[PDB]
Amino acid sequence: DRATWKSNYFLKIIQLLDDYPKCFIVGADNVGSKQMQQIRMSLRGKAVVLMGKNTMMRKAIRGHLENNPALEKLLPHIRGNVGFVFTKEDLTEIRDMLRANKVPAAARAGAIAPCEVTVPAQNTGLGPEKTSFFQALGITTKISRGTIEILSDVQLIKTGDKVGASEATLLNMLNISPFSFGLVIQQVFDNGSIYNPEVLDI
Amino acid sequence: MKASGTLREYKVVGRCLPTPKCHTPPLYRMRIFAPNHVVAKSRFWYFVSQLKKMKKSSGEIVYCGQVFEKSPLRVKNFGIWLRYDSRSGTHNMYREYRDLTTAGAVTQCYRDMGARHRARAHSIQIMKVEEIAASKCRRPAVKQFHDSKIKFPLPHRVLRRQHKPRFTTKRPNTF
Amino acid sequence: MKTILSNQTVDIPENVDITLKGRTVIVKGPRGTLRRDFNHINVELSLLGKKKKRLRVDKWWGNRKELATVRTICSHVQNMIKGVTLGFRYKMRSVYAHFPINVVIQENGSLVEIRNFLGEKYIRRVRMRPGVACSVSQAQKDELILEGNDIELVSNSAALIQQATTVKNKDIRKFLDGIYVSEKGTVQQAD
Amino acid sequence: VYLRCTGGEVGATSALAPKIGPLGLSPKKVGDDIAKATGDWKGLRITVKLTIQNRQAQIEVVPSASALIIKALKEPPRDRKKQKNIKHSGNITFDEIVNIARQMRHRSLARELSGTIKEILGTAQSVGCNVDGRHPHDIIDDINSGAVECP
Amino acid sequence: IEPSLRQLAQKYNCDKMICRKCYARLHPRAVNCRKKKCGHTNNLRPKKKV
RNA sequence: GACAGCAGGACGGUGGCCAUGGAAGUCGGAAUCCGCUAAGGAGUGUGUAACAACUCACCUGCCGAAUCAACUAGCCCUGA
Ligand SMILES: [Mg+2]
Ligand SMILES: [Mg+2]
């Protein structure tokens, strides 16, 4: 395989370039499968997101066909996890600023940036015992009526701090919102136009 | 065979005896590498007996001639095909040699098959010898000798084993 | 297959100087100097560049193991450059069982004295290499920092420490105790 | 809110779910009895039960799962009394009940509007998969209906 | 009990490949026994965990 | 724009179906498809008894042009 599939992918990208002459450059450096499902099924009625490897560098060959305006401007812009968002409707400058949806924020080891985790005096509300993680890290807790509360007010993960496995499990069980990060818009492309979105669009 | 010294290329043509049931034999032709023409004729009878219905008694050799080199002053590339018989089972083989003449390249082929694979002159049957040009050589050794403006010095070159006196005050250096 | 020349390329920064009298390489820099001998390899070591310092490690015909050897020279020259610009710092946290490991230094940080040693009464002494300085870290529990210039000397001293702290005649899946090399790095950071 | 994916009989042989429940301590027998009252005649087969709790009672909702209603479109009852003849009889037509089924399916499939759900629920079966006069390889390819009338 | 230090000690003592023939502690990503007492065989097995 | 190396993702139907001490990709028997897809195999292994976490197939970010697999026989080694 992977020859007829690549020819079909070239048919899909020439169909999108011939159908939708307007596009958004995005990046998905912090991505998830459930996140992409939520973004796609929220944007079924509008613009379509597409990704890929160096096969995305196909506008060069599409310009070597010479049937285009200056579409070759975005060729040095596909660097570092760059994907396309093909659109037809807009003509509208309120897209994705009212649709930048909040995503979980499920705790996973590895991230450092940007925020902190402050846990005030608040009960867990979980089943017995739910003190093993608190004893593994070290947190002054007190047992009230069965939900167990926390005496002090300490910070678990500071700015630039490595998330660990036990920290990830306790944040996933306590459901206190960890680091979440959606997609990034980088460049707008509307009919051969060179936008400078710092800050011109929207 | 023996492959004593350098080899020699022979063009040998041979036919069957003219019989009343079948006149005009097809008068076949080969290309035999051999140290001399007697070994060329015998190895010719060997190959033609293994190929077609021929034997030395009911046949004859018409011509057995030396084949001189078409361009002796040119460093050329030769692909040799081999039908050598190993200890377990026989194998085919393609080898490449950068050398001047055809007989010298086939000589290097016999010496190299004696060196590396321990094969005698009995087991080696040369299938085909073909001069190939540049940019078609498979082998990395001949492919890395394919270099215009090539450079290499000669490091640690020791020589003259007792051409000097056996008892000198020297202590000889290299290069 | 008797491969014609294999050469490795080394860029040397302006902070240090190099001098070769043959196969002996002498590198002088801010954190001392360091000299080594490559007498047993027979690979050409040439330099070029007027205040540009481009070293080349060049070997002619050789064999496959010797073509493997020609990269080892480039790697040890890179290690000498890193050791003379930044130095080597090895951090060793004392992974200790019920009995702690009391580590002191005696003779200018060159004699590491280990006590309580898995509960053994035998006080152990380890003499380090000429040219490596050790210290006990601050603001961190039972960390041992080995600082030096030559990576072979520093890491052999750390190997002597982590083999001096060894569980004997027991299971070593349980009793995970000893002083192991935790982090390898440089002295001067952000470089 | 408690979610559970089980069902045979009611049981209650000193074995139950409770874990989230005894934080408010209301279900120990009453929640199981109301689960019995909601599981009367529905059914003798594995279902999914979720109970919403707000401080006094349990509201029992059955979110129907796809393979569970595929099994529910078989012929009941088969609980005991000469079982095992053998496991996989399954002779049904399912020509429009599966269509109504994925009309009920909402916000959990990441679906096209009845586009390929015919293929999904035709190949997600294991006992039936077709009326006995054809082969399901024609179901996979030759369906050209539903995608206009269902949305 | 310092689980990070326990992971470090398991990194230096536990996660090794033991050969079934030469009985040598080698490396977790090893392929052959480096010792010449068996003939560099590829008959490896992980070091046993509980 | 491959092999490596480092980094990110590895879902929805579905806790699929036969089983019941549990099988919710991971003891087992059968099977084996679709959507989002850039990509997820009704799943290559590790684990908790299960539910969970980790990794791999697969895809992608940087680098940059050669690389990988299975056999075969010459020397030498283990077998000795
Ligand atoms: Mg014992
Ligand atoms: Mg022997």
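Residues numbered from 1 in each chain as written, not as in the entry; some residues may be left out. Chains lettered and ligands numbered in written order. Part of a larger assembly, values for the part shown. Heavy atoms only, no water.

As recorded in the PDB entry, chain C goes by ribosomal protein uL6 and comes from Oryctolagus cuniculus. Per the PDB header, the title for this entry is "tRNA translocation by the eukaryotic 80S ribosome and the impact of GTP hydrolysis, Translocation-intermediate-POST-2 (TI-POST-2)".

Labelled according to the PDB entry, chain A appears under the name ribosomal protein uL10, originating from Oryctolagus cuniculus.

Here we come to the interface of chain C and chain B. Listed per partner, the contact involves six residues of chain C and eight residues of chain B. Across the chain C/chain B interface, buried area totals approximately 660 Å², and carbon plus sulfur atoms make up 76% of it. For chain C, the biggest contributors to the area lost against chain B are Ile4, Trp60 and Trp61 of chain C; these three give 73% of the whole. For the interface between chain C and chain B, the tally reads zero salt bridges. A breakdown of the residues in the side of chain C that touches chain B according to their chemical character gives four nonpolar, one polar and one charged. (Contact = heavy atoms within 4.5 Å. Buried area = accessible area lost by both parts, 1.4 Å probe. Salt bridge = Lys/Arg side-chain N within 4 Å of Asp/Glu carboxyl O. Nonpolar A, V, L, I, M, F, W, Y, C, P; charged D, E, K, R; others polar.)

Turning next to the nonpolar core. All names here are of chain C. With 20 residues, the main nonpolar core has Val10, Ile12, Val25, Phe38, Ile73 and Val77 as its most contacted residues. Elements supplying a minimum of two residues to this core: β3 (24-28), β6 (54-59) and α1 (64-85). Per-element accounting of this core gives the leading share, seven residues, to α1. With sequence-adjacent residues up to four places away left out, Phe38 is seen in contact with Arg23, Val25, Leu45, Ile73, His76, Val77 and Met80. Of all hydrophobic cores here, the second largest spans 19 residues; its members include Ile101, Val126, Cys134 and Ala158. (Core = buried A, V, L, I, M, F, W, Y, C linked by side-chain atoms within 4.5 Å. Buried < 20%, exposed > 50% of the residue type's maximum accessible area, 1.4 Å probe, protein only. Helix = DSSP H or I, 4+ residues; strand = E, 2+ residues; numbered from the N terminus.)

A few words on the sheet that holds strand β5 (residues 90-99) of chain B. Strand-to-strand pairing in sheets goes through backbone hydrogen bonds, with the strands running parallel or antiparallel. Residue and element names in this part refer to chain B. The strand order across the open sheet formed by three strands is β5-β4-β6, and the pairing between neighbours is antiparallel. Either end of the sheet is taken by a strand with one partner, and the two such strands are β5 and β6 (126-132). Pairs of neighbouring strands in the sheet enclose a mean axial angle of 15°, with direction left out of account. Summarising the sheet, strand β4 (residues 76-85) and β6 pair through six bridges and their orientation is antiparallel. The residue of β6 that forms the bridge with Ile80 is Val129. (Pairing = 2+ DSSP bridges. Axes fitted to C-alpha atoms, helices over the stretch in contact; angles between N-to-C directions.)

What is meant by a disulfide is a covalent connection between two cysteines, made through their sulfur atoms. Residue and element names in this part refer to chain E. In total, this model carries one disulfide over all chains according to the counting rule given. The disulfide partner of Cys22 is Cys33, and the gap between their sulfur atoms is 2.0 Å. Residues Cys22 and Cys33 share a disulfide whose torsion about the S-S bond is about 120°; that sign makes it right-handed. You can see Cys22 sitting in the loop between β1 (17-19) and β2 (44-46) and its partner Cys33 sitting in the loop between β1 and β2, a full eleven residues away along the chain. Each member of the pair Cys22 and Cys33 is classed as buried. Unpaired in terms of disulfides, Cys14 finds its nearest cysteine sulfur in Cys22, a separation of 19 Å. (Disulfide = S-S within 2.5 Å.)

What follows deals with helix α1 (residues 37-51) of chain B. At 3.6 residues per turn, the α-helix brings residues three or four places apart onto the same side. Residues and elements named next belong to chain B. Taking 1.5 Å of rise per residue, the 15 residues of α1 would be expected to cover 21 Å, and the 20 Å separating its terminal C-alpha atoms lies within 8% of that figure. All of the buried residues along α1 are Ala40, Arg43, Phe44, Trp45, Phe47 and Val48. Its buried side turned inward, α1 meets β1 (8-16), β2 (28-34), β3 (59-66) and β6. (Expected span 1.5 Å × (residues − 1).)

So, on to the packing of aromatic side chains. Following the criterion strictly, the structure yields eight aromatic pairs over all chains and no others. For the pair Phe44 of chain B and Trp45 of chain B, a centre-to-centre distance of 6.2 Å together with 65° between the ring planes defines the contact as edge-to-face. Comparing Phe44 of chain B with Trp45 of chain B, the two get one shared label, buried. Ring centres of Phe152 of chain B and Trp61 of chain C lie 4.8 Å apart, and the angle between their planes is 80°; this geometry places the pair in the edge-to-face category. Residue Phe152 of chain B is located in the segment after α3 (140-145), and its partner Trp61 of chain C is located in the loop between β6 and α1; the two belong to separate chains. (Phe/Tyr/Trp six-rings, centres within 6.5 Å; stacked < 30°, edge-to-face > 60°.)

Moving on: the interface of chain C and chain E. The interface is formed by nine residues belonging to chain C together with 15 residues belonging to chain E. Both sides of the chain C and chain E interface together cover about 1100 Å² of buried area, and 64% of this is carbon and sulfur. Area buried by chain C at its contact with chain E is led by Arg173, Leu176 and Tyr180 of chain C, which between them contribute 49% of it. Linking chain C with chain E are zero salt bridges. Taken together, the connections running from chain C to chain E amount to three residue pairs in polar contact. In terms of residue class, the side of chain C that touches chain E is built from five nonpolar, one polar and three charged. (Polar contact = N/O pair within 3.5 Å; in protein donor to acceptor, adjacent residues only side chain to side chain.)

All names here are of chain C. The three strands are arranged β8-β9-β10 in an open sheet whose pairing can be described as antiparallel. The sheet terminates laterally at β8 (102-105) and β10 (124-127), the two strands that pair on one side only. Adjacent strand axes in the sheet meet at a mean angle of 20°, parallel and antiparallel pairs treated alike. Looking at chain direction, β8 and strand β9 (residues 111-115) are connected through four bridges and run antiparallel. Paired with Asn102 across the two strands is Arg115, which belongs to β9.

Okay, the layout of surface pockets next. Residue and element names in this part refer to chain D. Its boundaries defined by the atoms lining it, the largest pocket holds a volume of some 1200 Å³. Around the largest pocket, the lining is made up of 47 residues, and of these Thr6, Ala35, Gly39, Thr47 and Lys49 lie nearest the centre. Secondary-structure elements contributing two or more residues to the lining of the largest pocket are β1 (2-4), α1 (30-38), β2 (49-53), β3 (58-61) and α2 (66-72). Considering each element in turn, the lining of the largest pocket owes the most residues, five residues, to α1. (1 Å grid on protein atoms, 1.4 Å probe; cavity = no way out; pocket = protein on both sides within 12 Å on 5 of 7 lines; lining within 4 Å. Points joined across faces, edges and corners; volume = space filled by probe spheres on them.)

Once that is clear, we can look at the pattern of salt bridges. As enumerated under the stated definition, the model contains 16 salt bridges over all chains in all. For the salt bridge of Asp58 of chain C with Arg56 of chain C, the shortest nitrogen-to-oxygen distance reads 3.3 Å. Taken together, the shared-partner salt bridges connect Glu89, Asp90 and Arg95 of chain A into one network.

All names here are of chain C. Judged from the five bridges that link them, strand β11 (residues 132-136) and strand β12 (residues 143-148) form a sheet pairing that is antiparallel. Looking across to β12, one finds that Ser135 is bridged to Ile145. The turn linking β11 back onto β12 is made up of six residues, and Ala139 within it adopts a positive phi angle of 55°.

Quick look at the protein's contact with RNA strand F now. Around RNA strand F sit 47 residues in total, of which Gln37, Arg44 and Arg108 of chain A together with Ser66 and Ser108 of chain D are the nearest. Within 4 Å of the protein, atoms of RNA strand F come from sugar and phosphate in 82% of cases. In this structure, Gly52 of chain A approaches RNA strand F through a main-chain N or O atom, which is 3.4 Å from a sugar or linking oxygen. Going through the elements one at a time, α1 (4-19), α2 (33-42) and β2 (48-50) of chain A together with α2 and α4 (117-123) of chain D are the ones with two or more residues in the surface near RNA strand F. (Near = heavy atom within 4 Å.)

What follows concerns unusual backbone geometry. Omega for the peptide link from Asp90 of chain A to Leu91 of chain A comes to -20°, which places this bond in the cis form. Within the fold, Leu91 of chain A resides in the loop between β3 (83-87) and α4 (132-137). In this chain, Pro76 of chain D is followed by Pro77 of chain D through a cis amide linkage whose omega measures -5°. Its identity as a non-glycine residue notwithstanding, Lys149 of chain B has a phi of 55°, on the positive side. Tracing the backbone through its elements, the reader meets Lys149 of chain B in the segment after α3.

Okay, the environment of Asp58 of chain C next. Structurally, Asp58 of chain C is set in strand β6. Apart from residues lying up to four places away in sequence, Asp58 of chain C is in contact with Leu5, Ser6, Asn7, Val43 and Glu44 of chain C.

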